[PDB]
Every structure is written in structure tokens, then in C-alpha cells.
Amino acid sequence: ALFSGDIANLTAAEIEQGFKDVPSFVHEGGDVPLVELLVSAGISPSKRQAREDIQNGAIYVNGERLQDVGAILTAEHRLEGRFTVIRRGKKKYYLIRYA
């Protein structure tokens, strides 16, 4: 078929195969700040590092440099709600879902 929208270059199967370079994580649903789901997902667990690894314009969430709690919480807070790419350029493009 065809798609367009926000994540129409990086959808569920497209994020999976897109970002099958690194491992993924899942949390229990509920919204969750970028800087706790990266810490959880093991992008940068050291709370200082985490907070810079978020506050940098080198964490492209779903391809868009988004480096604030008022920028992203969860997958449904970035796409309509499937997964999310965390393209932390200093590390890699880790993969986030919910339960």
C-alpha cells in the first residue's frame, strides 16, 4: 500500500528492522520521561550521563532531535503509539516499547 503521517518512514516493522542493530526494551505502559526510559532501556543508566544523553541534540527520538521531558515521554508521545527509536548518536539507535 502506502503510508504518510509522522513515523511513516519508521513504523513498527520499520523500526524493528530499522533498528535491529541494537537491543530493545519494554516498560509497563504509562508515560515515562525520555531520561528514565533510556536509563531503564540501557542507553545511558548513569543518572548524570542519562540526563545529558537526553538533554543533547544528539538524541533524535524517532529521527527528530528531541532533548527535553516537555519534548517526549513515551511511544504514544512520539508516534501514535507502537515503539520509539532513541537515536542517541553518541551510542546507537535503541528501541523502546511498552507492555
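Residues numbered from 1 in each chain as written, not as in the entry; some residues may be left out. Heavy atoms only, no water.

Per the PDB record, the structure was determined using solution NMR.

Under the PDB entry, the chain has the name TYROSYL-TRNA SYNTHETASE and belongs to Geobacillus stearothermophilus. What the PDB record gives as the title of this entry is "Solution structure of tyrosyl-tRNA synthetase C-terminal domain".

(A) Representation of the pairing of strand β5 (residues 93-98) in the model. Direction of pairing for strand β1 (residues 24-27) relative to β5: parallel, over a ladder of four bridges. Looking at β5, one finds that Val26 is bridged to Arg97. With five bridges joining them, strand β4 (residues 83-88) and β5 adopt antiparallel strand pairing. Bridged to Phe83 within β5 is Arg97. (Pairing = 2+ DSSP bridges. Helix = DSSP H or I, 4+ residues; strand = E, 2+ residues; numbered from the N terminus.)

(B) Quick peek at the UniProt feature "domain: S4 RNA-binding" in the chain. According to UniProt, the positions carrying the feature "domain: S4 RNA-binding" are residues 32-99. Between the C-alpha atoms that bound residues 32-99 the distance is 13 Å, and the span itself is 25% helix and 25% strand. (UniProt positions renumbered as here; feature names shortened; annotations may be inferred.)

(C) Broad picture of the environment of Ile72. Topologically, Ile72 is positioned in the loop between β3 (64-65) and β4. Taking the C-alpha atoms as reference points, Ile72 and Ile15, 57 residues apart in sequence, are found 17 Å from one another. The residues contacting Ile72, other than those within four sequence positions of it, are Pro33, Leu34, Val61, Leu66, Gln67, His77 and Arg78. (Contact = heavy atoms within 4.5 Å.)

(D) Representation of the side chain of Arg88 in the model. Within the secondary structure layout, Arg88 lies in strand β4. Residue class for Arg88 comes out buried when judged on its relative accessible area of 2%. Within the structure, the side chain of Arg88 is placed 2.8 Å from the side chain of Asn56, a separation counted as a polar contact. Once you skip the residues sitting within four places of it in the chain, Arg88 turns out to touch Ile43, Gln49, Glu52, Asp53, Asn56, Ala58 and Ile59. (Buried < 20%, exposed > 50% of the residue type's maximum accessible area, 1.4 Å probe, protein only. Polar contact = N/O pair within 3.5 Å; in protein donor to acceptor, adjacent residues only side chain to side chain.)

(E) Quick peek at the nonpolar core. Counting residues in hydrophobic clusters, the biggest one holds 18 residues, and the most contacted among them are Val35, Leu38, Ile43, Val61, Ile86 and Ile96. Elements that contribute at least two residues to this core include exactly α2 (34-41), α3 (47-55), β2 (59-61) and β5. Examining the composition of this core, we find that six residues originate from one element, α2, more than from any other. Apart from residues lying up to four places away in sequence, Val61 is in contact with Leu66, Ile72, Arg78, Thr84, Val85 and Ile86. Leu10, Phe19, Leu79 and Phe83 belong to the second-largest nonpolar core, a separate cluster that totals eight residues. (Core = buried A, V, L, I, M, F, W, Y, C linked by side-chain atoms within 4.5 Å.)

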